[PDB]
file my_file03.cif (mmCIF, C-alpha atoms)
data_work
loop_
_atom_site.label_atom_id
_atom_site.label_comp_id
_atom_site.auth_asym_id
_atom_site.auth_seq_id
_atom_site.Cartn_x
_atom_site.Cartn_y
_atom_site.Cartn_z
CA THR F 1 -49.61 45.66 40.65
CA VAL F 2 -49.97 48.47 38.10
CA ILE F 3 -53.01 49.95 36.34
CA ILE F 4 -52.38 50.50 32.63
CA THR F 5 -53.48 53.93 31.40
CA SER F 6 -52.91 53.26 27.68
CA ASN F 7 -55.80 52.75 25.27
CA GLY F 8 -54.02 49.99 23.39
CA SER F 9 -55.32 48.38 20.22
CA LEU F 10 -57.28 45.34 19.08
CA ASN F 11 -57.02 43.50 15.77
CA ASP F 12 -58.44 40.29 14.29
CA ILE F 13 -56.19 39.91 11.22
CA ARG F 14 -54.33 36.95 12.71
CA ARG F 15 -57.66 35.22 13.31
CA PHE F 16 -58.10 34.88 9.54
CA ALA F 17 -54.74 35.56 7.88
CA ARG F 18 -52.46 32.79 6.65
CA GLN F 19 -49.34 32.35 8.77
CA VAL F 20 -46.25 30.56 7.45
CA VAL F 21 -42.90 30.05 9.16
CA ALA F 22 -40.01 31.52 7.16
CA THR F 23 -36.66 30.00 8.11
CA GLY F 24 -34.61 32.53 6.13
CA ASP F 25 -34.75 36.29 5.85
CA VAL F 26 -36.94 36.23 2.72
CA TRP F 27 -39.90 34.00 1.86
CA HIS F 28 -40.71 33.09 -1.74
CA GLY F 29 -43.71 31.68 -3.58
CA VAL F 30 -44.91 30.86 -7.08
CA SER F 31 -47.98 32.25 -8.85
CA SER F 32 -49.55 31.07 -12.09
CA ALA F 33 -52.38 31.65 -14.56
CA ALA F 34 -54.52 28.92 -16.11
CA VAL F 35 -54.05 27.74 -19.68
CA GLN F 36 -56.32 29.16 -22.38
CA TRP F 37 -58.48 26.82 -24.47
CA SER F 38 -60.28 27.53 -27.72
CA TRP F 39 -62.96 26.05 -29.97
CA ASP F 40 -61.12 24.60 -32.97
CA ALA F 41 -62.41 23.03 -36.16
CA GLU F 42 -61.25 19.83 -37.81
CA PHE F 43 -57.70 19.86 -39.22
CA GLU F 44 -56.88 23.19 -37.55
CA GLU F 45 -53.52 23.81 -35.89
CA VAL F 46 -53.83 24.25 -32.14
CA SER F 47 -52.84 27.63 -30.70
CA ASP F 48 -49.79 27.88 -28.45
CA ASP F 49 -50.87 28.20 -24.81
CA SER F 50 -47.69 28.51 -22.75
CA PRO F 51 -48.56 29.54 -19.17
CA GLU F 52 -46.85 32.39 -17.33
CA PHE F 53 -45.41 32.18 -13.82
CA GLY F 54 -44.58 34.70 -11.13
CA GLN F 55 -42.91 34.90 -7.73
CA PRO F 56 -44.14 36.96 -4.76
CA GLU F 57 -41.63 38.01 -2.11
CA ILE F 58 -41.87 38.55 1.65
CA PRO F 59 -38.99 40.34 3.41
CA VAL F 60 -38.67 39.91 7.17
CA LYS F 61 -38.29 43.10 9.19
CA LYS F 62 -37.27 44.04 12.73
CA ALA F 63 -38.93 45.92 15.60
CA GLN F 64 -37.15 46.50 18.91
CA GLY F 65 -37.50 48.54 22.08
CA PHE F 66 -35.29 49.21 25.07
CA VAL F 67 -35.83 50.35 28.67
CA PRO F 68 -32.70 52.01 30.20
CA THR F 69 -39.41 42.33 36.32
CA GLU F 70 -42.87 41.10 35.39
CA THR F 71 -43.96 44.74 35.34
CA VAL F 72 -41.37 45.46 32.65
CA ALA F 73 -42.39 42.32 30.77
CA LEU F 74 -46.04 43.40 30.70
CA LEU F 75 -45.14 46.94 29.66
CA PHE F 76 -43.07 45.54 26.78
CA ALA F 77 -45.82 43.10 25.77
CA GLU F 78 -48.57 45.72 25.62
CA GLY F 79 -46.51 47.97 23.36
CA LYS F 80 -45.55 45.01 21.18
CA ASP F 81 -49.20 44.02 20.76
CA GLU F 82 -50.28 47.57 19.96
CA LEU F 83 -47.52 48.06 17.39
CA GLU F 84 -48.24 44.72 15.72
CA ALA F 85 -51.96 45.50 15.49
CA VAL F 86 -51.48 48.99 14.06
CA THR F 87 -48.87 47.82 11.55
CA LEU F 88 -50.83 44.78 10.35
CA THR F 89 -53.90 46.97 9.90
CA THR F 90 -51.86 49.56 7.99
CA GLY F 91 -48.13 49.62 7.29
CA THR F 92 -46.35 51.86 4.80
CA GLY F 93 -44.54 48.86 3.34
CA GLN F 94 -41.59 51.06 2.39
CA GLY F 95 -38.59 51.68 4.59
CA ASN F 96 -38.48 49.49 7.68
CA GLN F 97 -42.15 48.50 8.02
CA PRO F 98 -44.13 45.48 6.76
CA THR F 99 -46.91 46.08 4.26
CA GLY F 100 -50.45 46.46 5.57
CA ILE F 101 -53.61 45.31 3.82
CA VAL F 102 -55.11 48.80 3.48
CA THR F 103 -51.87 50.20 2.07
CA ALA F 104 -51.44 47.26 -0.33
CA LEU F 105 -55.04 47.46 -1.58
CA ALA F 106 -55.22 51.20 -2.29
CA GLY F 107 -54.83 51.95 -5.99
CA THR F 108 -55.66 48.37 -6.95
CA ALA F 109 -58.86 47.47 -8.81
CA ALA F 110 -60.26 46.33 -5.44
CA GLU F 111 -61.08 49.93 -4.51
CA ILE F 112 -64.77 50.81 -4.92
CA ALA F 113 -66.65 54.09 -4.65
CA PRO F 114 -69.97 54.19 -2.77
CA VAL F 115 -73.27 54.35 -4.62
CA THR F 116 -74.05 57.82 -3.24
CA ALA F 117 -71.14 60.25 -2.90
CA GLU F 118 -69.99 60.92 0.67
CA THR F 119 -72.72 58.68 2.08
CA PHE F 120 -72.91 55.29 3.80
CA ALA F 121 -76.00 53.20 2.96
CA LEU F 122 -77.16 49.59 2.91
CA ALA F 123 -76.35 49.29 -0.80
CA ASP F 124 -72.62 49.69 -0.08
CA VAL F 125 -72.38 46.50 2.01
CA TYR F 126 -74.05 44.45 -0.71
CA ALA F 127 -71.88 46.10 -3.37
CA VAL F 128 -68.73 45.16 -1.47
CA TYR F 129 -69.94 41.59 -0.96
CA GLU F 130 -71.23 40.93 -4.46
CA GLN F 131 -68.52 42.33 -6.74
CA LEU F 132 -66.01 39.67 -5.68
CA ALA F 133 -65.49 36.45 -7.62
CA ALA F 134 -67.50 33.46 -6.42
CA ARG F 135 -64.50 31.31 -5.49
CA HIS F 136 -63.25 33.95 -3.05
CA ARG F 137 -66.74 35.15 -2.11
CA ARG F 138 -67.92 31.80 -0.73
CA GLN F 139 -64.90 31.75 1.61
CA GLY F 140 -64.01 35.09 3.17
CA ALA F 141 -64.53 37.41 6.11
CA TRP F 142 -65.32 41.01 7.02
CA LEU F 143 -63.28 43.69 8.77
CA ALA F 144 -64.29 47.14 10.00
CA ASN F 145 -64.28 49.47 13.00
CA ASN F 146 -67.02 49.21 15.60
CA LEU F 147 -68.51 52.54 14.54
CA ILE F 148 -69.29 51.02 11.14
CA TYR F 149 -71.02 48.03 12.73
CA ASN F 150 -73.06 50.33 14.96
CA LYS F 151 -74.10 52.32 11.89
CA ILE F 152 -75.16 49.04 10.27
CA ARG F 153 -77.20 48.29 13.39
CA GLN F 154 -78.86 51.70 12.97
CA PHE F 155 -80.42 51.11 9.54
CA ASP F 156 -83.67 49.29 10.38
CA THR F 157 -86.37 51.45 11.95
CA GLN F 158 -89.52 49.44 11.18
CA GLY F 159 -88.16 45.87 11.26
CA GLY F 160 -87.66 45.10 7.58
CA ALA F 161 -84.69 43.46 5.91
CA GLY F 162 -82.26 45.33 8.15
CA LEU F 163 -82.92 43.67 11.50
CA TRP F 164 -79.43 42.39 12.18
CA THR F 165 -80.22 42.31 15.90
CA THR F 166 -82.25 44.25 18.44
CA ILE F 167 -81.13 46.48 21.28
CA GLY F 168 -80.25 44.68 24.47
CA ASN F 169 -78.22 42.10 22.54
CA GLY F 170 -74.51 41.65 21.94
CA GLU F 171 -72.61 42.10 18.71
CA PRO F 172 -73.82 39.34 16.35
CA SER F 173 -71.24 36.85 15.12
CA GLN F 174 -72.25 36.56 11.44
CA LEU F 175 -73.00 39.16 8.78
CA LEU F 176 -74.59 37.72 5.63
CA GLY F 177 -73.51 34.26 6.77
CA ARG F 178 -69.85 35.19 7.14
CA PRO F 179 -67.47 35.67 10.08
CA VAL F 180 -67.06 39.19 11.44
CA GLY F 181 -63.82 40.78 12.60
CA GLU F 182 -63.02 44.22 13.93
CA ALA F 183 -59.95 46.44 14.13
CA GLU F 184 -59.59 49.69 16.09
CA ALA F 185 -57.07 50.98 13.53
CA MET F 186 -59.48 51.59 10.62
CA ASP F 187 -61.08 54.89 9.67
CA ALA F 188 -64.67 55.24 10.87
CA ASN F 189 -65.72 58.79 9.92
CA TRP F 190 -65.32 61.13 6.94
CA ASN F 191 -66.66 64.47 8.21
CA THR F 192 -64.21 65.47 10.94
CA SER F 193 -61.39 63.58 9.23
CA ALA F 194 -59.06 65.73 7.13
CA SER F 195 -58.00 62.96 4.74
CA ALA F 196 -59.36 62.63 1.22
CA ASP F 197 -59.51 58.81 1.30
CA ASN F 198 -61.55 56.91 3.91
CA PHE F 199 -61.23 53.12 3.85
CA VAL F 200 -63.88 51.84 6.25
CA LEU F 201 -64.88 48.33 5.13
CA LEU F 202 -63.13 45.27 3.73
CA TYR F 203 -64.14 41.76 2.68
CA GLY F 204 -62.19 39.05 0.90
CA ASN F 205 -60.36 35.74 1.07
CA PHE F 206 -57.88 36.31 3.87
CA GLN F 207 -55.85 33.18 3.12
CA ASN F 208 -54.27 35.30 0.36
CA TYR F 209 -52.79 37.70 2.95
CA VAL F 210 -49.67 35.85 4.04
CA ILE F 211 -47.95 36.77 7.31
CA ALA F 212 -44.48 35.27 7.71
CA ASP F 213 -43.08 35.04 11.25
CA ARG F 214 -39.42 34.42 12.04
CA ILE F 215 -38.62 35.11 15.71
CA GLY F 216 -41.04 35.74 18.55
CA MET F 217 -40.83 38.30 21.33
CA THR F 218 -37.57 37.82 23.25
CA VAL F 219 -36.37 39.76 26.31
CA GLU F 220 -32.82 39.95 27.67
CA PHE F 221 -31.13 41.61 30.64
CA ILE F 222 -27.87 43.55 30.20
CA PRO F 223 -25.89 43.74 33.50
CA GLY F 224 -31.33 47.76 31.22
CA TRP F 225 -33.76 45.50 29.36
CA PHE F 226 -33.62 44.80 25.63
CA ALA F 227 -36.38 43.18 23.59
CA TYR F 228 -36.91 42.66 19.87
CA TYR F 229 -39.25 40.85 17.50
CA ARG F 230 -39.36 40.05 13.77
CA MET F 231 -42.14 39.44 11.25
CA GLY F 232 -43.14 40.13 7.66
CA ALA F 233 -46.38 40.32 5.72
CA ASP F 234 -47.72 41.23 2.27
CA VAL F 235 -50.53 40.29 -0.12
CA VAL F 236 -50.23 37.63 -2.81
CA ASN F 237 -53.41 38.08 -4.86
CA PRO F 238 -54.77 41.67 -5.02
CA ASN F 239 -58.04 40.68 -6.75
CA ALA F 240 -59.33 38.53 -3.87
CA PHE F 241 -60.57 41.56 -1.91
CA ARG F 242 -63.10 44.38 -2.32
CA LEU F 243 -62.14 47.49 -0.37
CA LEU F 244 -64.57 50.36 0.16
CA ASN F 245 -63.50 54.02 0.03
CA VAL F 246 -65.78 56.92 0.91
CA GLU F 247 -64.28 59.89 -0.92
CA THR F 248 -64.61 63.38 0.55
CA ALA F 249 -63.68 66.63 -1.17
CA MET J 1 -21.34 41.49 9.05
CA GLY J 2 -24.84 42.21 7.76
CA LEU J 3 -27.32 40.39 5.56
CA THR J 4 -25.80 41.89 2.42
CA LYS J 5 -24.42 39.19 0.15
CA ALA J 6 -20.73 40.12 0.34
CA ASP J 7 -20.98 40.30 4.16
CA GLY J 8 -22.18 36.72 4.68
CA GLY J 9 -25.49 36.94 2.83
CA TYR J 10 -24.50 34.08 0.54
CA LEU J 11 -24.76 31.71 3.51
CA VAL J 12 -28.55 31.97 3.92
CA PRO J 13 -30.45 29.19 2.09
CA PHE J 14 -33.03 30.01 -0.56
CA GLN J 15 -36.55 29.32 0.71
CA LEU J 16 -39.47 28.51 -1.59
CA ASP J 17 -43.01 27.18 -1.25
CA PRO J 18 -43.35 24.49 -3.97
CA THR J 19 -47.15 24.65 -4.13
CA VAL J 20 -48.73 26.90 -6.76
CA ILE J 21 -51.30 29.69 -6.48
CA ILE J 22 -53.74 30.42 -9.31
CA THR J 23 -54.58 34.11 -9.73
CA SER J 24 -57.23 33.62 -12.44
CA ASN J 25 -60.81 34.43 -11.48
CA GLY J 26 -62.30 31.23 -12.87
CA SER J 27 -66.03 30.73 -13.23
CA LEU J 28 -68.93 28.97 -11.53
CA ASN J 29 -72.12 27.80 -13.22
CA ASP J 30 -75.22 25.80 -12.29
CA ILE J 31 -76.65 24.87 -15.70
CA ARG J 32 -75.43 21.28 -15.44
CA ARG J 33 -77.46 20.57 -12.29
CA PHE J 34 -80.73 21.65 -13.94
CA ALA J 35 -80.33 20.83 -17.64
CA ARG J 36 -81.02 17.49 -19.31
CA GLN J 37 -77.97 15.53 -20.45
CA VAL J 38 -77.74 12.85 -23.14
CA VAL J 39 -74.94 10.63 -24.40
CA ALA J 40 -73.97 11.22 -28.01
CA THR J 41 -72.44 8.37 -30.00
CA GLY J 42 -71.69 10.11 -33.31
CA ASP J 43 -71.60 13.71 -34.49
CA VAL J 44 -75.23 14.87 -34.12
CA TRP J 45 -78.22 14.15 -31.89
CA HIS J 46 -81.69 14.01 -33.42
CA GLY J 47 -85.17 14.12 -31.90
CA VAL Z 1 -49.14 53.00 40.74
CA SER Z 2 -50.12 53.49 37.10
CA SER Z 3 -48.02 53.61 33.95
CA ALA Z 4 -48.12 53.33 30.15
CA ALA Z 5 -46.87 50.92 27.47
CA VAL Z 6 -43.38 50.97 25.98
CA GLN Z 7 -43.37 52.53 22.51
CA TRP Z 8 -41.82 50.01 20.14
CA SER Z 9 -40.29 51.22 16.88
CA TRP Z 10 -39.25 49.75 13.53
CA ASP Z 11 -35.45 49.79 13.31
CA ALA Z 12 -33.16 48.72 10.49
CA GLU Z 13 -30.05 46.61 10.99
CA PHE Z 14 -27.23 48.23 12.99
CA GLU Z 15 -29.60 50.96 14.21
CA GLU Z 16 -29.44 52.14 17.80
CA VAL Z 17 -32.66 51.73 19.77
CA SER Z 18 -34.60 54.77 20.92
CA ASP Z 19 -34.62 55.92 24.55
CA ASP Z 20 -37.90 54.23 25.46
CA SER Z 21 -38.59 55.03 29.11
CA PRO Z 22 -42.06 54.67 30.70
CA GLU Z 23 -43.45 56.86 33.46
CA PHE Z 24 -45.19 55.72 36.64
CA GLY Z 25 -48.01 57.64 38.29
CA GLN Z 26 -49.40 57.41 41.81
CA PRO Z 27 -53.14 57.49 42.53
CA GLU Z 28 -54.10 58.95 45.91
CA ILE Z 29 -57.06 57.60 47.88
CA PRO Z 30 -57.44 58.71 51.52
CA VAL Z 31 -59.92 57.15 53.93
CA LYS Z 32 -62.52 59.26 55.76
CA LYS Z 33 -65.05 58.79 58.54
CA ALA Z 34 -68.80 58.78 59.12
CA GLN Z 35 -70.54 58.51 62.48
CA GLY Z 36 -73.84 58.98 64.26
CA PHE Z 37 -74.92 59.11 67.91
CA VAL Z 38 -78.22 58.79 69.77
CA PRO Z 39 -78.69 59.38 73.53
CA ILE Z 40 -81.20 57.49 75.66
CA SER Z 41 -82.44 57.94 79.21
CA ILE Z 42 -82.32 55.30 81.93
CA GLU Z 43 -86.07 55.46 82.48
CA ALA Z 44 -86.77 55.10 78.76
CA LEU Z 45 -84.34 52.19 78.48
CA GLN Z 46 -85.97 50.39 81.40
CA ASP Z 47 -89.59 50.96 80.34
CA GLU Z 48 -89.57 50.72 76.54
CA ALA Z 49 -89.29 47.14 75.30
CA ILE T 1 -2.30 31.10 26.69
CA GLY T 2 -3.31 29.51 23.42
CA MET T 3 -5.94 30.91 21.11
CA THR T 4 -9.12 31.65 23.06
CA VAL T 5 -12.42 32.77 21.53
CA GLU T 6 -14.78 34.88 23.64
CA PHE T 7 -18.40 35.69 22.77
CA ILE T 8 -19.74 39.21 23.37
CA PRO T 9 -23.56 39.03 23.65
CA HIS T 10 -24.22 42.78 23.33
CA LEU T 11 -22.59 45.71 21.55
CA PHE T 12 -23.41 49.39 21.95
CA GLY T 13 -23.71 52.40 19.68
CA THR T 14 -22.39 55.94 19.85
CA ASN T 15 -24.85 56.97 22.58
CA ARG T 16 -24.01 53.89 24.69
CA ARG T 17 -27.19 52.03 23.77
CA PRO T 18 -27.55 48.58 22.16
CA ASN T 19 -27.64 48.47 18.35
CA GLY T 20 -28.77 44.87 17.81
CA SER T 21 -25.41 43.20 17.15
CA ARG T 22 -23.09 40.72 18.87
CA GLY T 23 -19.35 40.14 19.01
CA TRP T 24 -16.55 37.56 18.79
CA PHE T 25 -13.25 38.27 20.56
CA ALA T 26 -10.01 36.30 20.34
CA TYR T 27 -6.61 36.97 21.88
CA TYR T 28 -3.17 35.37 21.87
CA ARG T 29 -0.05 35.83 23.99
CA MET T 30 3.52 34.89 23.10
CA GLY T 31 7.12 36.05 23.35
CA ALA T 32 10.42 34.96 21.88
CA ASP T 33 14.08 35.99 21.65
CA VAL T 34 17.62 34.65 21.22
CA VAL T 35 19.87 33.72 24.14
CA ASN T 36 23.19 32.87 22.45
CA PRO T 37 23.86 34.87 19.26
CA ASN T 38 27.16 33.11 18.60
CA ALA T 39 25.57 29.66 18.29
CA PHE T 40 23.86 30.67 15.02
CA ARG T 41 25.18 31.23 11.50
CA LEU T 42 23.28 33.37 8.98
CA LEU T 43 24.17 33.98 5.33
CA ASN T 44 23.58 37.47 3.93
CA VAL T 45 23.86 38.54 0.30
CA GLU T 46 24.53 42.26 -0.24
CA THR T 47 23.40 43.25 -3.74
CA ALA T 48 24.17 46.86 -4.68
#
call {"tool": "encode", "arguments": {"input": "my_file03.cif", "output": "structure tokens"}}
result
Amino acid sequence: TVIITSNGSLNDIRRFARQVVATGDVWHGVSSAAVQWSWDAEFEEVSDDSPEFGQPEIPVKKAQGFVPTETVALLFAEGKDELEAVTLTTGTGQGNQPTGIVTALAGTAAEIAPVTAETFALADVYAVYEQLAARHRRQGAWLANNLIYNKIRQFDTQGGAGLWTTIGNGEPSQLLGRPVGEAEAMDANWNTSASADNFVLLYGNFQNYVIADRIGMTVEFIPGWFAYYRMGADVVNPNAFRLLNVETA
Amino acid sequence: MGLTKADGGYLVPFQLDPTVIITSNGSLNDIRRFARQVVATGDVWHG
Amino acid sequence: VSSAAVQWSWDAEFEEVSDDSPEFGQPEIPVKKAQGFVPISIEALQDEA
Amino acid sequence: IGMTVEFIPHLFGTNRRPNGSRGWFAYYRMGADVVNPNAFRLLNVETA
């Protein structure tokens, strides 16, 4: 056997995200907006209310690796899992990479500044949860790095309305009556980090983040070993999330 | 022979999800579960 | 033996794969000895119970 | 041999590494000639 010395990565996006099987190279959908009504008087001509339609688009991309038996399979699988996790958490979207949720949400109206500049408090969690629309709010999930959850644990000192759980207990399953997910590939500090933007928390309806899968992990033998894998992902509705951004300067 | 159209890209079939997605925020309200409701039969209701 | 994971990459169509080659280490654990001895007399062995 | 189609599962790039493409090979063998030239008649028109 072999002892793996790589840190690896963990991600829970696929636990909540919507997965659809795309037969072709590109997946297509249809978006719409509701009709507009008005209060009209008697014998008044009704206003024209033609709806507008749109079409999202999901290209399918390709990731492959090559080594010039079961040991090789495991070494391929670990790298595949790590790459998939890091890219789903954040992918540049441009070039040859699928779009990640953090990349696709930056610059959208979903981005929110904290109540106190360069500070993480209990008001920020409630602000992220409450600014979302009710339809998406009642059905959604969280996502952050474990450092953030530990900081949340370290808010209650006297036992008030901050007692998520006590020491000697595992990581609680629910936060504010909602499922909790974690991802090692999210920023968790703003002091030592040299970046201006720090996206640390996320909450929203994850059925609006569509991941399209085409071909699973396949391994061949050339008389080296060749393996490749295809997927694609992007966001349909950008106003079903509320991303937090601590801004340093 | 790539996925470009002139190199065999015309062969792939167009894929579409027929179901629709509504991007409007909508609204939720709870007046109707607390308020009193009456059945009008004309144009006005008097009391 | 110990090793690391293969570094996958995002490649376009008709793009040659990178030279992804892992490396294998070798931990070293020798075995060592501990011992202790006590002598006893014949008279003591006969008398003491 | 008649027309035969052979499938190549892997192609390689400049640096002799796979580039994610496959191949289709086909070959044909034939030969022909004339034994008796005198047993044929051919009409030729020479236009200046």
call {"tool": "closest_residue", "arguments": {"input": "my_file03.cif", "among": "F:29, F:59, F:179, F:159", "to": "residue 142 (chain F)", "atoms": "all atoms listed in the file"}}
result
F:179
call {"tool": "residues_near_point", "arguments": {"input": "my_file03.cif", "point": "(-66.6, 53.4, -0.6)", "cutoff": "7 Å", "atoms": "only C-alpha atoms", "output": "number ranges by chain"}}
result
F: 112-114, 199, 244-247
call {"tool": "resolve_selection", "arguments": {"input": "my_file03.cif", "expression": "the PyMOL selection byres ((chain T) within 9 of (chain Z))", "output": "tab-separated table (two decimals) with C-alpha atoms, in the coordinates of the input"}}
result
chain	number	residue	atom	x	y	z
T	12	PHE	CA	-23.41	49.39	21.95
T	13	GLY	CA	-23.71	52.40	19.68
T	14	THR	CA	-22.39	55.94	19.85
T	15	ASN	CA	-24.85	56.97	22.58
T	16	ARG	CA	-24.01	53.89	24.69
T	17	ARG	CA	-27.19	52.03	23.77
T	18	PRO	CA	-27.55	48.58	22.16
T	19	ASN	CA	-27.64	48.47	18.35
T	20	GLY	CA	-28.77	44.87	17.81
T	21	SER	CA	-25.41	43.20	17.15
call {"tool": "closest_residue", "arguments": {"input": "my_file03.cif", "among": "T:47, T:30, T:38, T:8", "to": "chain F", "atoms": "only C-alpha atoms"}}
result
T:8
call {"tool": "resolve_selection", "arguments": {"input": "my_file03.cif", "expression": "the PyMOL selection byres ((chain J) within 12 of (chain Z))", "output": "MDAnalysis selection string"}}
result
chainID J and resid 1:4
call {"tool": "residues_near_point", "arguments": {"input": "my_file03.cif", "point": "(-10.3, 38.1, 23.8)", "cutoff": "9 Å", "atoms": "all atoms listed in the file", "output": "number ranges by chain"}}
result
T: 3-7, 24-28
call {"tool": "write_last_selection", "arguments": {"input": "my_file03.cif", "atoms": "C-alpha atoms", "output": "mmCIF file, keeping the file's coordinate frame"}}
result
data_model
loop_
_atom_site.group_PDB
_atom_site.id
_atom_site.type_symbol
_atom_site.label_atom_id
_atom_site.label_comp_id
_atom_site.auth_asym_id
_atom_site.auth_seq_id
_atom_site.Cartn_x
_atom_site.Cartn_y
_atom_site.Cartn_z
ATOM 1 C CA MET T 3 -5.940 30.910 21.110
ATOM 2 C CA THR T 4 -9.120 31.650 23.060
ATOM 3 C CA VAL T 5 -12.420 32.770 21.530
ATOM 4 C CA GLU T 6 -14.780 34.880 23.640
ATOM 5 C CA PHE T 7 -18.400 35.690 22.770
ATOM 6 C CA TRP T 24 -16.550 37.560 18.790
ATOM 7 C CA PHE T 25 -13.250 38.270 20.560
ATOM 8 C CA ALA T 26 -10.010 36.300 20.340
ATOM 9 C CA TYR T 27 -6.610 36.970 21.880
ATOM 10 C CA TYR T 28 -3.170 35.370 21.870
#
call {"tool": "resolve_selection", "arguments": {"input": "my_file03.cif", "expression": "the PyMOL selection byres ((chain F) within 9 of (chain T))", "output": "list in words"}}
result
residues 64, 66, 68, 222, 226 and 228 of chain F
call {"tool": "closest_atom_pairs", "arguments": {"input": "my_file03.cif", "of": "chain J", "to": "chain F", "cutoff": "9 Å", "atoms": "only C-alpha atoms", "output": "Markdown table"}}
result
| residue | atom | partner | partner_atom | distance |
| --- | --- | --- | --- | --- |
| J:3 | CA | F:25 | CA | 8.5 |
| J:12 | CA | F:24 | CA | 6.5 |
| J:13 | CA | F:24 | CA | 6.7 |
| J:14 | CA | F:24 | CA | 7.3 |
| J:15 | CA | F:27 | CA | 5.9 |
| J:16 | CA | F:28 | CA | 4.7 |
| J:17 | CA | F:29 | CA | 5.1 |
| J:18 | CA | F:29 | CA | 7.2 |
| J:19 | CA | F:30 | CA | 7.2 |
| J:20 | CA | F:30 | CA | 5.5 |
| J:21 | CA | F:31 | CA | 4.8 |
| J:22 | CA | F:32 | CA | 5.1 |
| J:23 | CA | F:33 | CA | 5.8 |
| J:24 | CA | F:33 | CA | 5.6 |
| J:25 | CA | F:133 | CA | 6.4 |
| J:26 | CA | F:135 | CA | 7.7 |
| J:27 | CA | F:134 | CA | 7.5 |
| J:28 | CA | F:134 | CA | 7.0 |
call {"tool": "residues_around", "arguments": {"input": "my_file03.cif", "residues": "residue 233 (chain F)", "least_positions_apart": "6", "cutoff": "12 Å", "atoms": "only C-alpha atoms", "output": "number ranges by chain"}}
result
F: 13-14, 17-22, 26-28, 56-61, 84, 87-93, 97-101, 103-104, 208-214
call {"tool": "write_last_selection", "arguments": {"input": "my_file03.cif", "atoms": "C-alpha atoms", "output": "short mmCIF file (atom, residue, chain, number, x, y, z; two decimals), in the coordinates of the input"}}
result
data_model
loop_
_atom_site.label_atom_id
_atom_site.label_comp_id
_atom_site.auth_asym_id
_atom_site.auth_seq_id
_atom_site.Cartn_x
_atom_site.Cartn_y
_atom_site.Cartn_z
CA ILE F 13 -56.19 39.91 11.22
CA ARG F 14 -54.33 36.95 12.71
CA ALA F 17 -54.74 35.56 7.88
CA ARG F 18 -52.46 32.79 6.65
CA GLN F 19 -49.34 32.35 8.77
CA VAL F 20 -46.25 30.56 7.45
CA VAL F 21 -42.90 30.05 9.16
CA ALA F 22 -40.01 31.52 7.16
CA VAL F 26 -36.94 36.23 2.72
CA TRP F 27 -39.90 34.00 1.86
CA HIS F 28 -40.71 33.09 -1.74
CA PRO F 56 -44.14 36.96 -4.76
CA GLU F 57 -41.63 38.01 -2.11
CA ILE F 58 -41.87 38.55 1.65
CA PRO F 59 -38.99 40.34 3.41
CA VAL F 60 -38.67 39.91 7.17
CA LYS F 61 -38.29 43.10 9.19
CA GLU F 84 -48.24 44.72 15.72
CA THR F 87 -48.87 47.82 11.55
CA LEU F 88 -50.83 44.78 10.35
CA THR F 89 -53.90 46.97 9.90
CA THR F 90 -51.86 49.56 7.99
CA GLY F 91 -48.13 49.62 7.29
CA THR F 92 -46.35 51.86 4.80
CA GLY F 93 -44.54 48.86 3.34
CA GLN F 97 -42.15 48.50 8.02
CA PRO F 98 -44.13 45.48 6.76
CA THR F 99 -46.91 46.08 4.26
CA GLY F 100 -50.45 46.46 5.57
CA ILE F 101 -53.61 45.31 3.82
CA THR F 103 -51.87 50.20 2.07
CA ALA F 104 -51.44 47.26 -0.33
CA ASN F 208 -54.27 35.30 0.36
CA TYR F 209 -52.79 37.70 2.95
CA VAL F 210 -49.67 35.85 4.04
CA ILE F 211 -47.95 36.77 7.31
CA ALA F 212 -44.48 35.27 7.71
CA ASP F 213 -43.08 35.04 11.25
CA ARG F 214 -39.42 34.42 12.04
#
call {"tool": "closest_atom_pairs", "arguments": {"input": "my_file03.cif", "of": "chain F", "to": "chain Z", "cutoff": "7 Å", "atoms": "all atoms listed in the file", "output": "Markdown table"}}
result
| residue | atom | partner | partner_atom | distance |
| --- | --- | --- | --- | --- |
| F:2 | CA | Z:2 | CA | 5.1 |
| F:3 | CA | Z:2 | CA | 4.6 |
| F:4 | CA | Z:3 | CA | 5.5 |
| F:5 | CA | Z:4 | CA | 5.5 |
| F:6 | CA | Z:4 | CA | 5.4 |
| F:62 | CA | Z:11 | CA | 6.1 |
| F:63 | CA | Z:10 | CA | 4.4 |
| F:64 | CA | Z:8 | CA | 6.0 |
| F:65 | CA | Z:8 | CA | 5.0 |
| F:66 | CA | Z:20 | CA | 5.7 |
| F:67 | CA | Z:20 | CA | 5.4 |
| F:68 | CA | Z:21 | CA | 6.7 |
| F:75 | CA | Z:5 | CA | 4.9 |
| F:76 | CA | Z:6 | CA | 5.5 |
| F:78 | CA | Z:5 | CA | 5.8 |
| F:79 | CA | Z:6 | CA | 5.1 |
| F:80 | CA | Z:8 | CA | 6.3 |
| F:83 | CA | Z:8 | CA | 6.6 |
| F:96 | CA | Z:10 | CA | 5.9 |
| F:97 | CA | Z:10 | CA | 6.4 |
call {"tool": "atom_distance", "arguments": {"input": "my_file03.cif", "atom1": "CA of residue 72 (chain F)", "atom2": "CA of residue 229 (chain F)"}}
result
16.0 Å
call {"tool": "atom_distance", "arguments": {"input": "my_file03.cif", "atom1": "CA of residue 170 (chain F)", "atom2": "CA of residue 144 (chain F)"}}
result
16.6 Å
call {"tool": "atom_distance", "arguments": {"input": "my_file03.cif", "atom1": "CA of residue 232 (chain F)", "atom2": "CA of residue 197 (chain F)"}}
result
25.6 Å
